[PDB]
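Beneath this line is the structure, given in structure tokens, with notes to follow.
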Amino acid sequence: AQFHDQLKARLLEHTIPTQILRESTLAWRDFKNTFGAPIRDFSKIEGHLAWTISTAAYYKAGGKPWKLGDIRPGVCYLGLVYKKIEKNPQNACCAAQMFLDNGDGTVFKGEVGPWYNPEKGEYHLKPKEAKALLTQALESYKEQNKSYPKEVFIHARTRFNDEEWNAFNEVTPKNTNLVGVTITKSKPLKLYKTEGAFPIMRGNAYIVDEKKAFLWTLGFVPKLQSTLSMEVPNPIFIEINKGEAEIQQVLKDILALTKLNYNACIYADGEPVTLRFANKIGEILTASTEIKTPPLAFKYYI
Amino acid sequence: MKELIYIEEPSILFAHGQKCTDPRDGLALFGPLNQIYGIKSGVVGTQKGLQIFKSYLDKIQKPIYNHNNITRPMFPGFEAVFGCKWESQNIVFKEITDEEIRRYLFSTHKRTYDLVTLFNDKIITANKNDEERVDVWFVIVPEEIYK
Amino acid sequence: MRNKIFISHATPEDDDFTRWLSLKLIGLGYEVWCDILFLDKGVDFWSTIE
Amino acid sequence: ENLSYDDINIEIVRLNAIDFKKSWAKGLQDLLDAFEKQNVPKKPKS
DNA sequence: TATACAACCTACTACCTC
RNA sequence: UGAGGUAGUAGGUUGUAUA
Ligand SMILES: [Mg+2]
């Protein structure tokens with residue numbers, strides 16, 4: 001992992017799109033091993049390999065393969081991911097933003113300038129950094145769409161304390177609402193099917209409470225006539241930690257966010273992409289030494 | 001008995017304002033949204049790396065199939081799908097000599113800095129001291145720089 | 001200008017009755033549009049009817 | 001989608017159209033279903 | 001500044017490929 | 001690192017209650 005992240009950070013310094021391709025991926029039949037058996041056998045997925053590589057190359061060259069259409073107009077989705085640096089053991093926070101306005105165009109960027117927190121644990125933000133984060137996000141949205149958002153949809157893999165929410169409400173304008181959502185991906189629930197030998201279909205949700213629910217983002221998809229996972233699919237927990245919102249719109253937004261994944265050509269992924277891309281940004285940024293103002297575009301990172 | 005609710009599947013907008021649920025199928029039927037005329041590439045690596053990249057590009061210029069075509073849709077071909085030209089003729093090579101790696105690679109904290117320095121300095125001097133235009137740079141990592 | 005009274009018929013037969021009706025109605029002071037009397041020559045067949 | 005079924009010119013107004021105003025794929029599938037129904041000849045990875 | 005316990009958080013290696 | 005997933009192994013913070 002040192003090679004990839006260091007290369008991408010030191011070229012981020014110069015804003016040059018790049019793609020790393022191992023020789024084994026492109027020529028797998030030649031690198032035989034253990035009595036004439038390729039280490040990796042792309043004998044039946046070569047078309048999928050071409051799909052993924054071509055889509056990544058097209059996206060990194062300045063083209064959009066597709067766009068999202070069914071998303072609520074006038075909201076911003078922020079995904080916060082914390083990466084620990086143990087080179088003081090500080091915790092760095094990097095975000096990714098997504099909003100749609102003024103022509104049904106989806107603006108998917110990453111809010112960067114990692115905001116640190118000098119504690120061993122404490123996966124939270126101090127008031128100053130939270131204020132800076134929200135101000136930057138709102139200014140970006142207003143610059144793009146010439147107006148302030150009607151609502152902000154903040155989601156993360158952790159919870160929010162009262163300090164962060166107080167700061168967020170302090171920087172929030174007069175007519176903007178905030179909603180906090182936490183997406184945990186390992187809580188032990190498993191719904192086996194009674195009769196068939198195939199897993200539960202994707203899109204099923206259990207509303208345990210007015211503010212908590214489970215969602216099946218994996219499993220059997222009818223169109224593909226196969227499963228997007230293996231063994232038994234695992235649901236993901238969703239909780240409206242802070243703010244007032246309905247538990248159905250949240251789930252629809254989570255699925256909509258799980259749709260778009262420009263790094264691969266698949267039907268969908270288990271987790272929303274706003275957090276995976278933020279995690280990639282975090283790894284790349286913390287692999288380097290110091291960057292004053294990092295680029296926001298996703299081509300340089302992914 | 002703890003009823004379950006069902007949420008539909010979102011729709012993504014492809015070209016011509018059309019909607020689908022599988023990006024592969026929508027791309028194969030309608031196509032991308034915007035028009036970039038071509039992809040001018042650049043390759044950094046050994047001569048074998050350039051040969052392998054050229055062979056792969058030649059392969060992907062024409063249709064490919066899988067075992068089953070319902071789970072994994074086939075590949076029509078790059079120009080059929082994306083409408084862009086990405087060919088092996090327009091390649092800007094920057095060769096890494098075998099002696100360079102064989103002397104520069106053989107503490108696993110400085111070697112992984114030195115090799116990155118090699119590749120990045122080549123890319124940067126190509127970007128700043130050349131007239132040609134390259135939009136995406138390809139790094140063909142050999143089989144000894146990963147293990 | 002909803003004043004005309006459209007009359008439809010068959011092409012080869014059922015024409016004498018239409019002519020009689022159109023003449024009587026025009027004599028009574030109404031306004032009648034018919035394929036027999038009206039529909040000047042050289043005009044598009046169906047666009048004017050529509 | 002902005003042309004109602006009640007504003008057609010009078011030459012095809014009595015024939016039922018094929019739906020292409022919502023999704024092109026479903027209209028194309030209807031076209032092939034009709035073509036197979038009426039034995040339209042074709043000459044074949046199709 | 002530590003023993004024991006629930007509740008959450010991240011970070012690596014190793015194995016499949018429908 | 002073409003990607004996705006399933007698991008395993010390690011630690012750490014908070015909250016009591018203790019000394
Ligand atoms: Mg990638």
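Every chain in the structure tokens takes a letter, A first, then B, and so on in the order presented; its residues are numbered from 1, and the ligands are numbered from 1 following the presented order.
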List as a VMD selection string the protein and nucleic acid residues lying within 10 Å of ligand 1, with only C-alpha atoms (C1' of nucleotides) and all ligand atoms counted. (chain A and resid 18 to 21 52 to 53 55 to 57 60 262 to 264 299 301 to 302) or (chain F and resid 1 to 3)
Taking the DSSP assignment computed from this structure's backbone, write out as a PyMOL selection string all residues of range 4-142 of chain B that belong to helix (DSSP H, G or I). chain B and resi 15-17+23-29+47-60+78-82+98-104+111-128
Find, counting only C-alpha atoms (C1' of nucleotides), the residue in A:193, A:40, A:4, A:87 that gets nearest to chain F.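 Checking each candidate against chain F, we get A:4 as the closest.
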Give me, as CSV, each residue of chain B that comes within 12 Å of chain E, together with its shortest interatomic pair and the distance in Å at one decimal, counting only C-alpha atoms (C1' of nucleotides), with rows ordered by chain and rising residue number.
```
residue,atom,partner,partner_atom,distance
B:67,CA,E:18,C1',11.7
B:68,CA,E:18,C1',10.9
B:71,CA,E:18,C1',8.8
B:72,CA,E:18,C1',10.4
```
Which residues come within 7 Å of residue 38 in chain B, counting only C-alpha atoms (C1' of nucleotides), excluding same-chain residues fewer than 5 positions away, as a PyMOL selection string? chain B and resi 84-86
What are the closest atom pairs, with distances in Å to one decimal, for each residue of chain A lying within 10 Å of chain F, using only C-alpha atoms (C1' of nucleotides), rows by chain and rising residue number, as CSV?
```
residue,atom,partner,partner_atom,distance
A:1,CA,F:1,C1',7.9
A:3,CA,F:1,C1',8.8
A:4,CA,F:1,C1',6.5
A:5,CA,F:1,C1',9.5
A:19,CA,F:1,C1',9.0
A:20,CA,F:1,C1',6.2
A:21,CA,F:1,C1',6.8
A:22,CA,F:1,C1',7.1
A:25,CA,F:2,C1',7.3
A:26,CA,F:2,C1',9.1
A:48,CA,F:2,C1',8.8
A:49,CA,F:2,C1',5.9
A:50,CA,F:2,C1',8.1
A:51,CA,F:2,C1',8.9
A:52,CA,F:2,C1',5.9
A:53,CA,F:2,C1',5.5
A:54,CA,F:2,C1',9.3
A:55,CA,F:2,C1',10.0
A:56,CA,F:2,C1',8.6
A:119,CA,F:13,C1',9.5
A:120,CA,F:13,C1',7.5
A:121,CA,F:13,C1',4.8
A:122,CA,F:13,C1',6.7
A:123,CA,F:13,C1',8.9
A:218,CA,F:5,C1',9.8
A:228,CA,F:5,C1',8.1
A:229,CA,F:5,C1',5.6
A:230,CA,F:6,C1',6.3
A:231,CA,F:6,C1',7.2
A:232,CA,F:6,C1',9.0
A:233,CA,F:6,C1',9.2
A:234,CA,F:6,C1',9.8
A:263,CA,F:3,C1',8.1
A:264,CA,F:3,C1',6.0
A:265,CA,F:3,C1',8.1
A:266,CA,F:4,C1',8.4
A:268,CA,F:4,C1',9.6
A:269,CA,F:4,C1',7.7
A:270,CA,F:5,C1',9.0
```
Specify as a VMD selection string all residues of chain C found within 10 Å of chain D, counting only C-alpha atoms. chain C and resid 46 to 47 49 to 50
Save the residues we just selected, C-alpha atoms, as a PDB file, in the first residue's frame?
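To be explicit, this is the file written out as part39.pdb:
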```
ATOM      1  CA  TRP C  46     -57.953  15.163 -46.018  1.00  0.00           C
ATOM      2  CA  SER C  47     -56.279  18.164 -44.362  1.00  0.00           C
ATOM      3  CA  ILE C  49     -61.714  17.898 -44.037  1.00  0.00           C
ATOM      4  CA  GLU C  50     -59.893  17.611 -40.706  1.00  0.00           C
TER       5      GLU C  50
END
```
Spatial neighbours of residue 59 in chain B, 10 Å, only C-alpha atoms (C1' of nucleotides), chain gap at least 5 places, as a list in words: residues 50 of chain A; 53, 54, 64 and 77 of chain B
Find, counting only C-alpha atoms, the residue in B:69, B:88, B:108, B:61 that gets nearest to chain D.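 Among the listed residues, the smallest separation from chain D belongs to B:69.
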DSSP strand (DSSP E) residues within range 82-180 of chain A, as a PyMOL selection string: chain A and resi 82-85+90-100+106-109+115-117+151-156+177-180
Distance limit 12 Å, atoms considered: only C-alpha atoms (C1' of nucleotides). Which chain A residues sit that close to chain E? Return them as an NGL selection string. :A and (1 or 40-45 or 48 or 81-86 or 91 or 120-124 or 157-159 or 184 or 186-187 or 198 or 219-220 or 224-231 or 279)
Which is closer to residue 38 in chain C than all the others in C:19, C:25, C:1, C:12, using only C-alpha atoms? C:19
Å distance separating CA of residue 99 in chain B from CA of residue 46 in chain B, one decimal place: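 Between CA of residue 99 in chain B and CA of residue 46 in chain B the gap works out to 10.6 Å.
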At most 7 Å to chain A: residues in chain B, only C-alpha atoms, as a PyMOL selection string: chain B and resi 4-8+10-14+22-24+32-34+36+39+49+52+56+60+64-67+70-72+74-75+112+116+120+135-143
